[PDB]
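Below, in structure tokens: the form deposited in one PDB entry, a single chain.
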């Protein structure tokens, strides 16, 4: 890892804090999409893509990688990762504070695991998925590529969620889902 890091980025400042926690000395924000090809003339410091949106993040990931940059993982020092878990190396994965990833779980490229999310044993979290703060995946859960799990949501044991699906804020997934879908929780009601 380099002493400096480029961040393609409000998510930018948060990723900057995580980079600094890891021991990066300086962060350089590079938010421009057009003319990105010219950035290849810059020193090859580590790169990170601080975009919460899964589809944009993947697009930028592919463009940055093609320009000769290494897209590192940003992993807060307080994140706990089982030695038997697999976190894809140099794959633009964000792992925020107090995230716990248990034995034999697998985290794929471009995933966001936000603060205090928990990935229990033997889970697979598909590429460019977004696991929001406090969201929890029980044992043997398979989350597809490009999924979104809302704040404080959860997925019960042994369940699969198909690619491209959305689990709402506070929602509890209770059945296997072989087809893409949108799965809603219950909103707070004014009384």
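Residues that one form lacks are left out of the comparison. Rigid core (definition): largest C-alpha set, two forms, superposition within 1.5 Å. Positions refer to the first chain, counted from 1.
Form deposited in another entry: not shown, discussed below.
Visitor: Quick one: with the rigid core lined up, which of 28, 162, 56, 36 moves its CA 2 Å or more between this form and the one not shown?
Guide: Everything else stays below 2 Å; the exception is 36.
Visitor: Indicate closer or farther: the Cα atoms of residue 89 and residue 36, in the other form, relative to the displayed form, with a change of 3 Å or more.
Guide: Here the pair is closer than in the other form; there, farther apart.
Visitor: Do residue 28 and residue 36 move together or apart in the other form, judged by C-alpha distance changing 3 Å or more?
Guide: Those two alpha carbons end up closer in the other form.
Visitor: Fit on the rigid core and then flag the segments of at least 3 consecutive residues whose Cα positions all differ by 2 Å or more between this form and the one not shown.
Guide: In sequence order, the runs that relocate between this form and the one not shown are 32-43, 186-191.
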